[PDB]
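For reference, the structure discussed in these notes is given below.
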Amino acid sequence: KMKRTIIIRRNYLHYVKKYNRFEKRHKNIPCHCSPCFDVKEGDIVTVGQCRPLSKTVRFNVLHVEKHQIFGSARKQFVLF
Amino acid sequence: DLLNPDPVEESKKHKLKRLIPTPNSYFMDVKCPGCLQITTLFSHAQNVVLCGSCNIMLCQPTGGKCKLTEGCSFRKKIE
Amino acid sequence: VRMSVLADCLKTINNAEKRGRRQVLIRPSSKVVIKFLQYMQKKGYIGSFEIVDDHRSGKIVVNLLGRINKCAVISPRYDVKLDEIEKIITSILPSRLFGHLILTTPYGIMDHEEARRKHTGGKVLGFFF
Amino acid sequence: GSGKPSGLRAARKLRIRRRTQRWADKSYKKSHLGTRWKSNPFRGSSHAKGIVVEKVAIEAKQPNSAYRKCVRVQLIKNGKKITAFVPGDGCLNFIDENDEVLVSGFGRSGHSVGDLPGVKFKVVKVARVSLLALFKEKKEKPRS
Amino acid sequence: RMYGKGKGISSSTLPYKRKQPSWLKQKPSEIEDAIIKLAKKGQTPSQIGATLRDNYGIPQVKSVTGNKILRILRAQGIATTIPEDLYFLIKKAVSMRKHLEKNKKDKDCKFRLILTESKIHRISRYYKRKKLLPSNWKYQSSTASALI
Amino acid sequence: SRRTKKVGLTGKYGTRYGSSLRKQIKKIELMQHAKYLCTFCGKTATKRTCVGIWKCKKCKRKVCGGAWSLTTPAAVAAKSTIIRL
RNA sequence: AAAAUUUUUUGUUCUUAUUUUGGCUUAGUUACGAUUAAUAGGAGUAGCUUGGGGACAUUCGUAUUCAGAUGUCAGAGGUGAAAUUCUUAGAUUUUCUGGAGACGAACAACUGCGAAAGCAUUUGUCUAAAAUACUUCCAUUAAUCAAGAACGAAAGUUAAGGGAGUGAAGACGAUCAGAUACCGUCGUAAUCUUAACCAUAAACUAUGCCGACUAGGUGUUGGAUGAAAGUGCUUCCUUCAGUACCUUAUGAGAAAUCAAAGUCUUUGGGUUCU
RNA sequence: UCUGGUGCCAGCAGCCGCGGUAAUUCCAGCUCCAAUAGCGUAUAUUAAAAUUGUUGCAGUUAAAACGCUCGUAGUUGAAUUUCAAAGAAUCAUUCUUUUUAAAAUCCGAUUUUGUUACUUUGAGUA
RNA sequence: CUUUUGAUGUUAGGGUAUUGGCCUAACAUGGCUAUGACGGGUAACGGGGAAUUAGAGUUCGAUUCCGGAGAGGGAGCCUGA
Ligand SMILES: [Mg+2]
Ligand SMILES: [Mg+2]
Ligand SMILES: [Mg+2]
Ligand SMILES: [Mg+2]
Ligand SMILES: [Mg+2]
Ligand SMILES: [Mg+2]
Ligand SMILES: [Mg+2]
Ligand SMILES: [Mg+2]
Ligand SMILES: [Mg+2]
Ligand SMILES: [Mg+2]
Ligand SMILES: [Mg+2]
Ligand SMILES: [Mg+2]
Ligand SMILES: [Mg+2]
Ligand SMILES: [Mg+2]
Ligand SMILES: [Mg+2]
Ligand SMILES: [Mg+2]
Ligand SMILES: [Mg+2]
Ligand SMILES: [Zn+2]
């Protein structure tokens with residue numbers, strides 16, 4: 001929804017020693033998206049670190065992979 | 001003992017409970033008197049079946065095996 | 001709903017063994033069950049067994065020798081490192097001289113002594129005394 | 001099952017269940033509750049000093065029969081008033097109207113002990129000489 | 001069952017021999033043409049299978065040809081936009097809703113209608129995850145009656 | 001946005017008359033100002049013109065009915081009785 | 001279709017070609033190209049299949065009470081015993097006629113249906129739900145579920161009806177040392193219907209839900225299969241689903257007891273709540 | 001189960017308790033016991049506590065199954081796709097060799113054949 | 001919850017030893033959250049570590065070394081690498 005800027009979500013599992021089990025966690029990362037890409041909510045992107053470009057952004061997109069989803073983006077769990 | 005069950009006992013249980021599940025139904029050749037035509041039929045048929053030559057009823061649906069018309073003769077199909 | 005076919009098989013075997021039944025039937029089968037049964041066979045805990053072939057998930061019949069004390073699974077298949085075998089075996093097995101703990105390993109299914117001999121870890125499946 | 005989740009990714013549920021259920025334990029709730037800094041004359045210490053205000057006698061609980069000797073003390077630290085027991089056969093007449101004493105706990109920290117109803121403190125020193133060395137009476141005499 | 005308390009086990013069971021019987025005589029083209037003609041008349045796949053079993057001699061379609069009924073009905077561009085069982089569920093729901101419009105004091109009917117709509121939503125989610133239904137297919141409860 | 005939590009239509013009365021009288025007015029006037037199906041032409045366009053007269057905005061027929069609604073139950077019961085005979 | 005090593009013409013450069021390559025249109029050739037059908041789930045078809053499952057409309061019955069007659073004459077009620085109460089202006093009692101509102105005896109069960117709360121006169125319409133039978137269709141579509149939602153006895157609250165019997169309050173008459181009680185004579189709200197609230201019970205099997213295994217017998221409710229007495233129906237034998245009881249447990253418990261409250265220091269099938 | 005004194009008083013006692021003439025428990029004398037240049041008391045904290053329970057608790061009657069059903073997030077989910085087979089090294093066991101479908105690649109030939117979790121071994125570290 | 005008074009981005013500059021809403025003008029409506037945002041409490045400086053424990057765990061760490069912050073409480077400034 002920004003101009004040449006996107007938000008991506010990373011999912012991962014965290015280990016808890018006392019119970020010998022795992023948990024689901026997540027973090028958000030803002031990135032820069034050049035107009036040579038055509039993205040939308042639900043796809044998969046690969047990003048690389050650069051120098052700070054604003055108060056929050058430090059990455060920008062290098063490759064896009066089309067991916068179809070059926071619920072809402074925040075409710076999907078993909079691990080990589 | 002368990003590998004080679006008595007065939008009388010096996011054929012005497014529920015179809016889903018025997019070692020190899022097998023149905024209880026079959027197909028058969030039916031002949032009605034004085035029409036001179038042979039027709040395939042399924043035991044436990046759900047529809048009403050009319051003869052090819054004349055529109056004479058050959059069976060009636062029930063809650064189990066179909067009711068075969070009076071005087072008709074049936075013979076199992078070999079396989 | 002099943003959620004596991006290994007647990008049901010092992011529970012049925014254990015229940016029949018407690019009564020001295022000399023034969024038992026396992027309804028749902030799979031390759032993992034076959035491998036577990038073969039490993040029990042190799043240690044002389046059971047006799048021979050058949051696989052009955054219907055056109056569904058098959059069935060198994062086994063021969064028992066009045067010789068098993070216990071057989072069960074560990075439901076969550078915890079991931080075990082090579083240097084953590086000692087604690088698990090101390091907690092689970094009845095002695096240091098007999099009994100077996102079964103791991104699944106990147107080199108197949110095997111007990112703990114063979115896992116040490118091969119220098120490998122894995123996850124836990126179950127055990128039999 | 002047995003009422004707990006046993007999955008490989010069910011650690012949050014177990015952690016939160018244990019976090020909520022600790023508060024039902026009396027010892028835990030006692031040692032983690034913010035008001036213990038307020039409803040406690042010693043405010044966390046083991047001893048305190050005060051000025052004697054009155055001498056009293058207290059009845060024993062029902063099956064027993066006696067008159068136990070105590071003093072009422074006003075604490076220097078915060079001005080509160082407490083009641084303390086004077087141990088010994090005739091140790092009460094070692095104490096005057098307003099002297100300075102040390103008092104400590106009485107063995108069951110938050111609780112009353114034995115036969116005295118509602119006394120949780122005990123005198124250990126008077127006029128900065130030991131009550132025991134003064135009752136032994138073969139050691140020291142009060143600084144008149 | 002999924003909602004009530006029943007635990008029945010009644011069902012049909014297939015024979016061990018997967019090949020077609022020796023006494024069967026028709027040609028696969030004839031059976032496919034019968035499928036197409038009998039679906040032209042406005043029947044559903046389950047009705048088609050039942051009629052083939054009874055009024056013709058074909059124990060199983062898959063033994064004679066190589067495909068199932070829905071696949072061959074689709075190979076000709078004849079299949080409906082909405083699957084069979086979902087349509088039956090929708091029809092039951094619209095009937096119950098009409099009756100309930102006529103009677104505001106049925107409390108059992110309200111209960112059963114809630115249960116059927118839950119079924120509808122679950123099956124619709126499954127069919128949308130596959131590409132069998134368009135992604136913006138929603139089932140409004142007020143316009144479903146005109147759906148044919 | 002939603003401009004009112006409770007009073008809905010009776011917000012024209014302000015704070016007067018008491019809450020329960022406003023509630024009864026609300027119940028009556030919800031029926032009084034609604035639309036009703038015309039059985040003659042099929043459209044839902046029948047509205048009240050006076051205390052007993054109802055009229056369809058499309059076909060322009062006039063039907064005699066109730067005071068605040070188009071039908072009252074007591075007349076429906078008698079009509080059903082006669083029609084059953 | 002867009003660039004070429006290799007010679008070409010020029011001192012700024014001009015004059016041309018085999019020369020190394022992605023697709024398109026069509027004919028052609030492949031071993032050309034889709035795992036079962038779960039004693040998982042959902043749909044379907046069949047039976048003069050079952051049921052006090054639900055909603056609306058209809059139909060019947062004695063009893064009770066009111067009013068009208070009807071014949072007779074001194075008590076009737078009620079209690080452990082009596083009062084209060086009705087009555088020669090005819091009580092109570094017997095016969096007939098009309099109205100009113102609730103209720104649905106006997107049959108009726110260690111029997112049926114529903115998620116629970118609950119459901120019982122006849123007939124019609126509407127509406128769902130199992131179970132059984134199946135060589136019908138789809139192919140994992142499922143289990144349990146914070147938040148959220150639908151229902152939810154009796155009492156109680158709001159409005160309009162209805163108002164016989166029963167009867168929290170209240171008034172008397174008795175018993176008693178006292179009796180604001182237990183007993184008796186009256187009797188208001190309520191109890192019933194329509195439209196809205198309230199959301200609680202020893203709302204109990206004081207036993208969450210799904211799946212597997214483990215023991216013998218006697219019944220009973222609803223289907224299907226195979227066989228005998230009948231005067232296309234009854235009995236018997238199997239099998240599926242529901243529902244009780246008895247005996248016994250090198251099974252369990254602190255015990256009472258339990259076919260689950262068993263398969264647990266030989267401790268881990270899945271999941272919610274406390 | 002020693003002596004003297006006191007007599008529900010004085011007092012002791014973390015807990016159960018002792019104390020009215022016989023007090024093994026108060027106050028003393030004697031004698032014994034424990035640790036010992038050390039030994040008591042108060043407050044806090046760990047084990048004991050499988051009385052916080054992942055390993056590892058209980059929920060008919062002891063504390064504790066929501067009145068009942070639906071339902072999102074969460075947790076958990078049937079079987080199937082290369083299974084084998086034949087020699088060597090050891091006092092049946094443990095090890096170790098040999099190839100059996102395919103396509104691309106050295107004039108009847110070497111070497112490549114999806115991504116994570118998970119597990120093995122390293123690097124780096126006051 | 002944040003956003004009139006910079007909250008989240010784009011463009012052009014200013015400034016700094018350099019990147020950056022760090023600041024200024026124009027523009028757009030974004031950013032975080034039941035996987036706990038925004039708030040409250042701490043008798044909370046963080047580690048290397050300590051005590052007690054068969055194995056799990058529970059509780060401490062102002063205080064030898066490393067990192068941070070301050071010189072009664074706040075703000076400003078000169079010299080100088
Ligand atoms: Mg469910
Ligand atoms: Mg199936
Ligand atoms: Mg009346
Ligand atoms: Mg009355
Ligand atoms: Mg009365
Ligand atoms: Mg309650
Ligand atoms: Mg309860
Ligand atoms: Mg244990
Ligand atoms: Mg502790
Ligand atoms: Mg503990
Ligand atoms: Mg322990
Ligand atoms: Mg306990
Ligand atoms: Mg319950
Ligand atoms: Mg600005
Ligand atoms: Mg520190
Ligand atoms: Mg320092
Ligand atoms: Mg100072
Ligand atoms: Zn009209």
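Labels below follow one simple rule: chain letters A, B, ... track the order of the sequence lines, proteins then strands, and each chain is numbered from 1. These values consider heavy atoms only, across backbone and side chains, with no hydrogens, waters or symmetry-generated copies.
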Below the 4.0 Å mark, does G:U271 have OP1 or OP2 next to a side-chain nitrogen or oxygen of D:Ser6? yes
What about G:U272 and H:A65: are they a Watson-Crick or G-U wobble pair, with both distances under 3.5 Å? yes
Please confirm whether the ring centroid of A:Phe80 lies under 6.0 Å from the ring centroid of A:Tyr12. no
Please classify the glycosidic conformation of G:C233 as syn (within 90° of 0) or anti (everything else). syn
For the rings on B:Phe27 and B:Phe42, is their centre-to-centre separation under 6.0 Å? yes
Just how far, in rounded Å, is P of G:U135 from NZ of B:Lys65? 12 Å
Two-distance pair criterion under 3.5 Å, Watson-Crick or G-U, for G:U234 and G:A228: yes
I'd like to know if B:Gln46 reaches the base of G:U45 with its side chain, counting only an N/O donor and acceptor under 3.5 Å. yes
Both distances under 3.5 Å, Watson-Crick or G-U wobble: does G:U94 pair with G:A3? no
By nearest atom, which of the nucleotides I:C32, G:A115, G:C137 is closest to the E:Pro45 side chain? G:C137
To the nearest angstrom, how far is A:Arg51 atom CZ from I:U19 atom P? 8 Å
Residue pair C:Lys123, C:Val80: steps toward the side chain to side chain contact (heavy atoms under 4.5 Å, CB included) verdict: CA-CA 5 Å; C:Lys123 308 159 181 268; C:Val80 179; over 6 Å; no
The side chain of C:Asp8 is closest to which nucleotide in this list: I:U8, G:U136, G:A212? G:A212
Could you check whether G:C56 and G:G124 make a Watson-Crick or G-U wobble pair, counting it only if both donor-acceptor distances come in under 3.5 Å? yes
Testing G:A116, I:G9, G:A43 for proximity to the side chain of A:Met2, the answer is I:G9
Considering only NZ, NE, NH1 and NH2 on the basic side and carboxylate oxygens on the acidic side, decide whether E:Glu117 and E:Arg97 come within less than 4.0 Å. yes
Respond yes when some side-chain nitrogen or oxygen of D:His32 is under 4.0 Å from OP1 or OP2 of I:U42, and no when none is. no
Which groove of the paired bases lies less than 5.0 Å from some heavy atom in the side chain of D:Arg68? major
Ion pair present between E:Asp108 and E:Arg112, side-chain N to carboxylate O less than 4.0 angstrom? yes
B:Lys15 has its side chain closest, among G:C134, G:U127, G:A215, to G:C134
Regarding the side chain of E:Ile9, the nearest nucleotide among I:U8, G:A128, G:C240 is G:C240
Under 4.0 Å: is that the gap between some side-chain N or O of C:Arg56 and OP1 or OP2 of G:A38? yes
Could you please name the option among G:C151, I:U35, G:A57 that lies closest to any side-chain atom of A:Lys24? I:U35
Please determine if C:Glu17 and C:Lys70 form a salt bridge, counting it only when a charged side-chain N lies under 4.0 Å from a carboxylate O. no
Within the pair E:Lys62 and G:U36, is there a side-chain N or O less than 4.0 Å away from OP1 or OP2? yes
Watson-Crick or G-U wobble, both distances under 3.5 angstrom: are G:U271 and G:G208 paired? yes
Tell me if G:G80 and G:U243 are paired here, counting Watson-Crick or G-U wobble when both donor-acceptor distances sit under 3.5 Å. no
Please determine whether G:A255 and H:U61 constitute a Watson-Crick or G-U wobble pair, defined by two donor-acceptor distances each under 3.5 Å. yes
Aro-ring/base stack D:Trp37-I:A43, d under 5.5 Å, angle under 30°: yes
Strictly under 3.5 Å: I want the nitrogen or oxygen pairs between protein and nucleotides 139-147 of chain G, one per line.
| from | atom 1 | to | atom 2 | distance (Å) |
| --- | --- | --- | --- | --- |
| G:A139 | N7 | E:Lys68 | NZ | 3.0 |
| G:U140 | OP1 | E:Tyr126 | OH | 2.8 |
| G:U141 | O5' | E:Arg129 | NH2 | 3.4 |
| G:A142 | OP2 | E:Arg122 | NE | 3.1 |
| G:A142 | OP2 | E:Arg122 | NH2 | 3.3 |
| G:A143 | OP2 | E:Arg122 | NH2 | 3.0 |

When we call it a touch if two heavy atoms are under 4.0 Å apart, what does C:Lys59 touch: a base, just sugar-phosphate, or nothing? nothing
Quick one: does D:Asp115 poke its side chain into the major or the minor groove, using 5.0 Å to the groove atoms? major
How close or far is atom P of G:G53 from atom CG of E:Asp106, stated in whole angstroms? 15 Å
Would you measure the distance from the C1' atom in G:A37 across to the matching atom in G:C137 and give it in whole Å? 12 Å
Does G:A57 pair up with G:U123, Watson-Crick or G-U wobble, with both distances inside 3.5 Å? yes
Using Watson-Crick (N1 to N3, and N6-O4 or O6-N4) or G-U wobble (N1-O2, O6-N3) distances under 3.5 Å, do H:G74 and G:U144 pair? yes
Taking only the side-chain heavy atoms of E:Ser95 (C-beta and beyond), determine which of G:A128, G:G44, I:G9 contains the nearest atom. G:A128
Between E:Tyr16 and C:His55, does the ring centroid distance fall short of 6.0 Å? yes
Separation of atom NZ in B:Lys12 from atom P in G:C240, rounded to whole Å: 11 Å
Determine, answering yes or no, if E:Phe88 is stacked on G:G44 under the 5.5 Å centre rule and the 30° plane rule. no
Are G:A76 and G:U85 a pair by Watson-Crick or G-U wobble criteria, both distances short of 3.5 Å? yes
What range of RNA chain H does chain D touch, first nucleotide to last, counting atoms under 4.0 Å from its heavy atoms? H:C8 to H:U76
